[PDB]
Each structure stands twice: as structure tokens, then as C-alpha cells.
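Alright, here's a single protein chain in two forms, structure 1 and structure 2, each given by itself as C-alpha cells.
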Structure 1
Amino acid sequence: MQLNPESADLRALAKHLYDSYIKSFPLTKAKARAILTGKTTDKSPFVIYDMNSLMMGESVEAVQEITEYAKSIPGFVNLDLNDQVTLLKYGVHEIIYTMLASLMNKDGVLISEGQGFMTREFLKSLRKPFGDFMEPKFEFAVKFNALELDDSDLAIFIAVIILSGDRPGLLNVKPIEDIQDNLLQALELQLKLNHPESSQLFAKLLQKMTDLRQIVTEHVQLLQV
């Protein structure tokens, strides 16, 4: 590869998506990992690890933030308004579970915008079938966080999921795929520059999208109860 005008426009597209990633979402991964690790910021979160800790601590919001970020993707607002709703209808759950891995470690998940922290084992100890609600998300997060993506990687990765040309009921598929092809080019370059150690990380990220649709499929089956 070389540093040429096409490469610079892909990096400028990456920077634009990252700035919108920050403006649209309050709690990013960089601040999430800082809270979960030692370099914590302000007030420490209230850990909920059993029933007693639940008492002394006693999705709709994310849908609005993701739509705000989708409006900043170049060309998304110019699509047919019905297709814009269709892309966000079948993709918002895949985004939320991707953002959820940023707030997760092997012990639990960050809740209440970092004010609380509920452990993984306490969520599994809940009564059936509520004990199986968050467990598929943790198993995905352990594998997903093993890729060690940052906010710059996730910003473009979130954009590729939105511009999925295979959503049911898309009136105009071709212009959607032309944007995703541009997003895929920027995501490939972003991963090669930011991850000199991960062989075929671009291929591994695309395979994670198949795992995301299996979570949403499994989550809807759990919601029919």
C-alpha cells in the first residue's frame, strides 16, 4: 500500500466517522475500559454481585443515539427514507450488542452510564429464563474484545453494519452497497494501520457480523417468552 489521494480520503472518512462516534455516544470504549481497569475516572461504580448488593443499589436510549450517528454517515441521508428506516430496523440490535461488548469484561457489564456494574455470574443466577438473557452477550464479548478494537475501529465497523444491503424490504439496494464498499475500504485500511499484530483482523471482524445475527436471532427467540 501507499499514501495516495485515495488513501487520504479513506482516512478522512475514518476521522469523520470517529468524530460522529464521539458526538453521538456518551460512554465510549476508551472511557469504559478506563472505568473497568485501574485508570478509573470519577466516582467508582456501585458493584452488584448478589441480592443484597442489588437492594442497596435498588435500549430505547441507544436507538436514538445510533440513528444520530447513522445520519452522519456520508450518503445515508440521501438514500430513500424507507430504506433508512429498514437499515436501522434490522441493524440497531446488532449495533447495541457491539457497543455492549465495550462495557463488558470477564466479570460483568457496566450499567447506568458507568454508575453501576453488575457481575456476569449474578445475571446467570437469576430465575429461568432471565438467567439466559445476558449470557449469550458475554460469550460474544469475550471473543469480540479479544480482537482489542478501539473507538476508531468501532466507528467504521458500526457504519458497515448499518449499510447492510441484505436487509429484508430494501427498495434500493445498489446505492446502499456502494456506500458499504466505501466503508469497507476505510475499515480495511484502518485495521491494517492500527493493528500491525493481528493477521487478517479485517476478515475476523466480518465473521463477527455472522455471530451478531445469531445473537439477535437467539435474543428474539428468548423474547417470545
Structure 2
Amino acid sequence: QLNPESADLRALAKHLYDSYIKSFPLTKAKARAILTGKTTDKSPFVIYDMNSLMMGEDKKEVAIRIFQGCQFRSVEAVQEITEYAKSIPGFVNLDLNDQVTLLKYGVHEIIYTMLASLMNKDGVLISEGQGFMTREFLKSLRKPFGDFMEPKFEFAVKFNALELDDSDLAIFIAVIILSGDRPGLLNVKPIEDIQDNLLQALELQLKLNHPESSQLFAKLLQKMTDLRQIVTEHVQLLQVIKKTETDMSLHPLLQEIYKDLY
């Protein structure tokens, strides 16, 4: 069982982990430490209703501008993911257009993966760990905004119940990136070859790290389907917004909070 093959897989998982640590300053361990109250400098003010919303400020056209905002403030994560992708063995040898294609679909799914780290069943970290926006407060907001985040919380609750750590996620994320079924890929075989190696490394990682979790490997792969669904659901969200017929001054702080989400 421990042989050159498995040792290569461990070396790959270690390589991915180190590069993930180097690429992503926002790790799951860091998010979990904030959420469980252990980070003195990131004690997130809990925003749970309109009253606390007002106290929180220290610092539809509304919807599209939420999306313009958050999609602009994701540039740093996209650059981090891109840096990480460059460290995946084989990725930079792929056709450049395929690299771009892999990243342009992968980043949204990876952002949601890392968004889950900021989430628990009660809410989501915002403003770099200085705010904690509650799930139920978000859900209570007027249509269409009240429905923005709830399916992400639903995904995150289920994803976090897998108890993956950053060692797991680094490979998981690599597997996401090397998805040979992205539309418009020119050479699918060299991508699938890397992903198969990544999937082998992931499978081993999960055996070594998760003795409790029956079919964790399969359940994790199923989460890639849930991730695609969330991204897909945003397309449908744009349509709901096209034929949205309401005016309401969504509190500007709430618009700012939403720009901190995805």
C-alpha cells in the first residue's frame, strides 16, 4: 500500500498543500478560528437585524450593481486561484486557451468552496472577519435579495459537514480546476490525465485523513455537482432580476455586505 505510487501521491498532495498555503491567505483554518472566537483581532461584530445593521457601520439596478461589485472584488481571488493553478503539475503545459477556459469556469466554483469556509449554519464572515452577517437576517430581506445567499448556506452547511481541512481542499480545488468537461476546451485528454492523477491523490488524502467518512471521496465529488448548480443558479438569478418589479432602498450597508459575498 505504501509504495512509490502512493508516495508520489503523498508528494503531490504535499506540493498542492504548500502551494495552496502560499496562494490563499484566506484558509479554512483561519476562517474557522475566527468563527469559533479564537482570533482576537478578528472578533466579527454580529449583524443580525436592522438595528445591529446600523450599529455595524464602522467602515433591480441594486442587484446588478451587487453583482458588478462582488465580481469586481473577486479579482484578487481569481489571481490567487490562477497562481495556484500554475503550480498544479502539468497545468501550464496545457494549451493557453484551455488554461484560461479551465480557470474562467473553475474560479466561481472555487470561490463558493472558499465562501463555505466563511459560513456556518448561523451566518457568514464579512469585512475581513470584522463582521458576521447572520443567515436568517439575509434570508429575511425583501425579494429578490432574500433568496441570494440561502442556497449557498445550504451548500455550505452540507459541505462543511464533510469536515474537510485545507490539506483536503487544496486537492479538491485542483480537481475542480482540471475539469475536462468545461465548454470550449481544445485538448480534453491532457486535462483528464492531470485530473485523474489529482483524483488519485485526493482519494488517498481522504483515506488517510478521514477514517470516519464512508464514501467521502464520492460525496466530495458530488459536491462538484452542487457547486456547478450554484453557479448555474446565478444565471437563473439574473432572469429573476430582469423581470423584478419593485423599488426599495436596500440599506446601503446591506448592498456593501452583499458585495462581500458571491
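Shifts are known only where both forms have a C-alpha. Counting starts at 1 and follows the sequence of structure 1. Only the largest set of C-alpha atoms that superpose within 1.5 Å between the two forms is called the rigid core.
Undergrad: Which listed residue (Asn52, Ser199, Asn172, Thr37) has a Cα shift of at least 2 Å between structure 1 and structure 2, rigid core superposed?
TA: That would be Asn52.
Undergrad: Once the core is aligned, does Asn82 move its Cα by at least 2 Å between structure 1 and structure 2?
TA: After core superposition, the C-alpha of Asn82 moves less than 2 Å between structure 1 and structure 2.
Undergrad: For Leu126, is the C-alpha shift between structure 1 and structure 2 2 Å or more after core superposition?
TA: It does shift by 2 Å or more.
Undergrad: Looking at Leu27, what is the CA displacement between structure 1 and structure 2 after core superposition, in angstrom?
TA: That residue's C-alpha sits 1.3 Å away in the other form.
Undergrad: Relative to the superposed core, report the C-alpha shift of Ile156 between structure 1 and structure 2 in angstrom.
TA: Its C-alpha position differs by 0.1 Å.
Undergrad: Could you state, for a rigid core superposition, the Cα shift of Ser112 between structure 1 and structure 2 in Å?
TA: Its C-alpha shift, to one decimal, is 2.5 Å.
Undergrad: Tell me which consecutive stretches, at least 3 residues long, show Cα shifts of 2 angstroms or more between structure 1 and structure 2 after the core superposition.
TA: Shifted runs of three or more residues, which all move 2 Å or more: 38-43, 45-58, 125-127, 223-225.
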